[PDB]
Amino acid sequence: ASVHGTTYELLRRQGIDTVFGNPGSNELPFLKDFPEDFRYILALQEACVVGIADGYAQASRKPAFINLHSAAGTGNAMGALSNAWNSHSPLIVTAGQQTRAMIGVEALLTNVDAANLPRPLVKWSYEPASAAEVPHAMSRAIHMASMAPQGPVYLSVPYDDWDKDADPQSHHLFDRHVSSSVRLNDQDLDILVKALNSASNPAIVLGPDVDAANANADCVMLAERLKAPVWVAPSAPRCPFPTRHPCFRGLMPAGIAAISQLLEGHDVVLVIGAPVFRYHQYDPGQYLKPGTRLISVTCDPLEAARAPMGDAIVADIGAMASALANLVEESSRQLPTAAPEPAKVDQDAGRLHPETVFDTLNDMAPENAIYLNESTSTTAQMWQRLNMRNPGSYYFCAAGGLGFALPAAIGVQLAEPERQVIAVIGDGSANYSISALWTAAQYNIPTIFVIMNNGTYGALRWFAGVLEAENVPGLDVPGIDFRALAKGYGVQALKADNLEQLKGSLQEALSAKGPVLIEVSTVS
Amino acid sequence: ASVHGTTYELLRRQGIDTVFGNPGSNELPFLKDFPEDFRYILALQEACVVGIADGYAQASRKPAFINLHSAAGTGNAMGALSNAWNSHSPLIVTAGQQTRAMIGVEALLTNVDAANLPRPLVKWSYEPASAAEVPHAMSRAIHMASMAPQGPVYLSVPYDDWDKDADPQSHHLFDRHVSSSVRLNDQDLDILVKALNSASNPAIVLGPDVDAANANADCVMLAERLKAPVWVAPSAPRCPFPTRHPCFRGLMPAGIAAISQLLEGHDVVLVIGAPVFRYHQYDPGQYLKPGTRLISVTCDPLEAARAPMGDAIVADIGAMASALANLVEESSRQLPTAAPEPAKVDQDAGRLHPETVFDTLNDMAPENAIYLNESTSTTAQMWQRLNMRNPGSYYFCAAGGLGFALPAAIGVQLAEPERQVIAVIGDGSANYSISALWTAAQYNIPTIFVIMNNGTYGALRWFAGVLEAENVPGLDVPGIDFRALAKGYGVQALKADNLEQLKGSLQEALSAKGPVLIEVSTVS
Amino acid sequence: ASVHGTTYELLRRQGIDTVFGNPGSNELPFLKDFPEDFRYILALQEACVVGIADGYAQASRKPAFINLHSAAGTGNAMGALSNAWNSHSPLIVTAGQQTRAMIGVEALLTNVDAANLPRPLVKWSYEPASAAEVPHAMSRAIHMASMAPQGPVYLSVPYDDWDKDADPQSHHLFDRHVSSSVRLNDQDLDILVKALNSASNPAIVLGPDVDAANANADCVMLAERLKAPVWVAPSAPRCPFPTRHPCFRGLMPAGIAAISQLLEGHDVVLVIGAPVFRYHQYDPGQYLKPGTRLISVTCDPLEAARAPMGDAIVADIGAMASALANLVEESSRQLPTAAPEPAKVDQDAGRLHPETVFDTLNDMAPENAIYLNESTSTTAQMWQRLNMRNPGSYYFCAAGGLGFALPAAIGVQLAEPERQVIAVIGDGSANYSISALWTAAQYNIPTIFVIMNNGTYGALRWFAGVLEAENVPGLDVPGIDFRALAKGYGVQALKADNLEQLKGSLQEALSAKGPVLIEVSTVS
Ligand SMILES: Cc1ncc(Cn2c(C)c(CCOP(=O)(O)OP(=O)(O)O)sc2=O)c(N)n1
Ligand SMILES: Cc1ncc(Cn2c(C)c(CCOP(=O)(O)OP(=O)(O)O)sc2=O)c(N)n1
Ligand SMILES: Cc1ncc(Cn2c(C)c(CCOP(=O)(O)OP(=O)(O)O)sc2=O)c(N)n1
Ligand SMILES: [Ca+2]
Ligand SMILES: [Ca+2]
Ligand SMILES: [Ca+2]
Ligand SMILES: [Ca+2]
Ligand SMILES: [Ca+2]
Ligand SMILES: [Ca+2]
Ligand SMILES: [Ca+2]
Ligand SMILES: [Ca+2]
Ligand SMILES: [Ca+2]
Ligand SMILES: [Mg+2]
Ligand SMILES: [Mg+2]
């Protein structure tokens, strides 16, 4: 067999059936004779390719396979890889290299020092030393992406490798099963369970790896047994808990002092599936108040190492959440009471308050909708106003890198065809990966895109005011017609200048058979 | 003085007055109190920011300064940096970092291992160890970008650094003059001059560093004195010679065998300002035929080292071209005869042949127009059909990375306001950096964008046929309305479905007062 | 508190009480006011510093702390780090940096791009962005070294940092407990246990991470229950099993074909604590014969990913070995029969056969002796001839890098003062880290060094013969007087030219109160 045939057999045997790509000449010898049981999803720029694949991987809870063109294509995708690193997204990024005979002269399209290009944003990065090594290197890539802590990996392959003969002993790669589904040993787990049972006022903080593991329901049981309030760790990439469950307390503010103040009086704080903590704003103070002990369960040694406080356990989130939820005692304390609904912001017949938009989406969207957020000044309100009952219902750029949500919402929708995806994206954010719209049109992936148009980089204006920073350039983005951009890429387009039009547009979008973009005029 | 004030004084004293950027929160403490004598040029995605800056630097023949947001913004720009490396573009790429107090916990927006992120695509990459070092590190960045061989550099700065006190001894940085304007010592230069004078059938090959150095006129004199044909080195990023001068012989094919065949019978081949050689296609054979000696003058040790044949001299291209042009004898051989005009391709009243488009542009464009090429299947015809008399008249993505020409054409036009820029961009290529159009609209930078719409990745289809590669996915890009995209970003839009409409559209565009996009329907 | 006081409190609170070092000026502000409860162990070159620390860490089963001088000191230690990476040795390597005010000018002793220097041989490498971050970065270093898979880490600290004020909130670092003591979830563990119980002819292969985890006794129980032969994985850095236990079958040959042939007929092969596999010689063939299934338990995702065959489980070796040993059924098969003793090689009254040396050591050494091997041509015979009943009884350079055993034997002896350490080192190997002898003398660490003097790089001569490679230079090392070298560094020295003298010398050495070197004349 050839390296090409062996490699595609490895991919299929390891459950991969989709290639997210933007092709080039170094990749044509890989993409030729494309197997009939695989699907190719084209996107028009590599940030879009990787964003789509990322949303697909995150929602599918399985690795996604990518093929990019050499150094320039890889480079175009590196902002998307910054997010994928922070979300632990299991992405297998492949890129074609020049033919081995012309690497030394650095012919056009040579990826120089290729393995160093995507560092430090990948778990493993490699170029094989021979063609017959390619299947083995692909095996390594699959497993490195997929083992906890999951993350992106990179493999560069000289284009002449594919047609060469494979090692027949590569068959041993096909069915390898690699597990990291591990939990704390019984003796130490029993210590932890006793500390939880003995706590007088426990709190739980959950991060994105809970949702990645589909540990949400186990965390509900854990919270119910401990009678404990539940927060989402700051800068949240995913939603790990039902947002109208009585224990839910919302998104933590991303500040040192604010978090220690919130946790004051909680004697044991159990963090699961989050870094400790993804702070953002400068908010100096105490990491924890006297009287609070923190225990973190994390899938990532890097998280455990860098936590400034608390004990940690490095283990699989799914395995630990299940064990804890089934081992703790039922506390006799009263169950926490549900947070009240948010207030209705006064809304005239003009431009929409973001609060109005989120309330209307919550009113009209199906109960199993999936939301993406890249409306950076409105995150707090979004988290308060959307009832997200189910796992896999929320995504936000995990490194804060704009250009994620538009393509990722297409990947999520591809992963979950029965669940209506609604991406809420600011007018600034929408441009970074605007060309991703075309993939939704071409493959008829019926994502709804809600563009929050207030004409400015509103989160940055806000911050400039907290800095009392005057004369900052570049904060306004006037003059973008998002209906015209959607037309440009073949997506049905609507406008909402007031609440009546927003409801009419959403009704239309929800019943459409293809992707739809709604440009909403929001208060500046 | 603060680090902020000292740094902006350094920049101004070193001739920098423009910041190309997409802002973020780690950058607001740099961008605040933005000096009134500086200009900020906003673009909506970082590939666009860097492409614009690159075109500006290349055309202006001076460094361009960039400010990007942390890791995600830097990452979005890395495909643009792949091109900038290959063009030797002097780009000072800065990115904001988290406040030093929160780097260790890896707060959101921390650029982890920052200096490694843009490697291997930068000449120098650094994060200073203290705030007071920032001006000095900025000085290093300026000079590293600007010394031969020019290229991109990267500097990451924690946002809390700007307000700190600077070292008063940083004043010594302000007026430093750093020169690499060097040429071969007189004894060895005289040897080279004698070898050129003694050659019986010399040839000259010129690359992009000739145009970067504005050595074009000196190379004309050199060619005239030696009575030598002149070729452009393959995969050409720039045009180093008047294309209708009698010695001009065009773009070399990017193949090993093809180049040695072309040079057969030339006893001395003098290469100036190019790698030896930027081959592309697999075309195995002899690097040189018996009887040909090659001598390369290069500004880049990396080029000199990797050449598979020939002698080399590492020196400044401007200094060497001037010296050679003034020292060689006037040969008594006859001057080469000019190449004949290209043939007129038969054209009906339907979709446009690319040859027709280039002939019409050549007919109608001003004699000092500047062209950019990202119409990848039509490069050979473009090079044959445009009379480019002047330096700085052509740019093509130097690493082959799409997404260069659309933004770079805006930067070139900003650099050369009196010279009409015309970017000829395929429908596939146009999407990579489509949002760059907005910068042209907002700043009223009157670039003309000619979209060659044949609905496919035509260069890739072509190559798939040379491979006899069947079943390759992802090669078609139907369903893009470029007039709607231009409307989306505020740029005047025209369509050309036949030659009559192309001439009408070009007449309109050339007289417009702002940027214009023309969607041309080209033969598939 | 200062950064210095906070950092030493962190170290003590995390169990560190010893600094292995070679000092320099960038380190004096760290080493001043050296706490009275810490010990400093000086060695005369950094390969020796790190080797000593490595042996100490490996035998103590806890992290070892190192302080080296800037780039040059770090560099001198990088061959030692190659071994430490392969042995998963938990080493915290610190190096002093120039004062932050002079890093930018690259004053003498500046460690340029410091974190990249020890890559790729460290798990984590870092230089903090501020003085107050240093304790936190030290915390990260401790935990990164100590979490499975253990390994070396690197931290560079500007010398002016130590005297600065620490963050009072660094107290939260002091008592952090970080666990990776995890095992496969119960459902999947039960599947594995059933596969082991159902096997008709299981085999066990053990690697060094078994001995690191002190899982040896659990592996004995596992083997006894399964009635399974036990092999040591090839290129063994440690001894994971009693070598005269009836199930023991010795060191596997480090070849692909040889291993599959050895495992032929074994239906399930359980590998614990080893890479799959650390082959050495080129011995192409089948990774496994038909009928053999392989299951690997590894503490290292990198091992799991790169195995060319088999399933894998990534978990703590101690936790998995205990669980398996207590869960499998007692098989009714007969216990394997012990291997017979090795043959006595004929020995005249002249130069010693290595087999004679190992038999005599086995005869005379205490039953709880610890051996180190850097006698590269005699490894197979050593493994056959030493009865090593206890854990922690064998060390061999895990990357094959010479210069390990001499210093490591001093560290092992420091770690295990009641267990006589005997390092068996070839005459070639002895030179790499010869100066380590001085540390044994100065601290009166009573290691016995047995130099196997045959005047040649015997393993290389052997290989040159398997290659039929003629005219290979540099394979002989005549003219070294090891008794004089030992005198030079203050270590008692003996010679053994025949067996009578070897026994007399060993008797003397075993009763000595300090370190002793015995130069043995071995057959060439
Ligand atoms: C790739 C990238 N570039 C720049 C930024 C900086 N940035 C920018 C530019 C923001 C404004 C986003 O504006 P928007 O219109 O999408 O939303 P709001 O008006 O609600 O803030 S939020 C922010 O962090 C970023 N995070 N990622
Ligand atoms: C960033 C990037 N991605 C992918 C490619 C691969 N690629 C692609 C996708 C090409 C087709 C460009 O199509 P076009 O419509 O712009 O022009 P033609 O139809 O004339 O080829 S040419 C080529 O090298 C690339 N070079 N750069
Ligand atoms: C640091 C380093 N340098 C060089 C070698 C190469 N090498 C060398 C030089 C060997 C000969 C060791 O000779 P010896 O006298 O210690 O033992 P033998 O005579 O028993 O082989 S074994 C081997 O792999 C190495 N492994 N490590
Ligand atoms: Ca409602
Ligand atoms: Ca699905
Ligand atoms: Ca906005
Ligand atoms: Ca004409
Ligand atoms: Ca100008
Ligand atoms: Ca095209
Ligand atoms: Ca005996
Ligand atoms: Ca001890
Ligand atoms: Ca020897
Ligand atoms: Mg990189
Ligand atoms: Mg290194």
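What you see below is based on every heavy atom in this structure, not just the backbone, and it leaves out hydrogens, waters and symmetry mates. A, B, ... follow the sequence lines: proteins, then strands. Residue 1 opens every chain. Just so you know, ligand 1 is whichever comes first in the structure, and atom 1 is the first atom listed for that ligand.
Nearest heavy-atom pair across C/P128 and C/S156 is CD-O, 3.1 Å.
For the Mg ion (ligand 14), the set of nearby N, O or S atoms under 2.8 Å includes one belonging to C/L117. Put simply, C/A415 gets within reach of the Ca ion (ligand 11), with an N, O or S atom under 3.0 Å from it.
Of the N and O atoms on the side chains of C/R39 and C/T18, at least one donor lies less than 3.5 Å from an acceptor on the other residue. Between the side chains of C/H69 and C/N26, no donor N or O sits under 3.5 Å from an acceptor N or O.
C/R119 contributes O and C/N116 contributes O; the angle these two atoms make at the Mg ion (ligand 14) is 90°, rounded to 10°.
Between C/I92 and the choices C/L155, C/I66, C/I16, C/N67, the side-chain contact (heavy atoms from CB on, under 4.5 Å) rule is met once, by C/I16.
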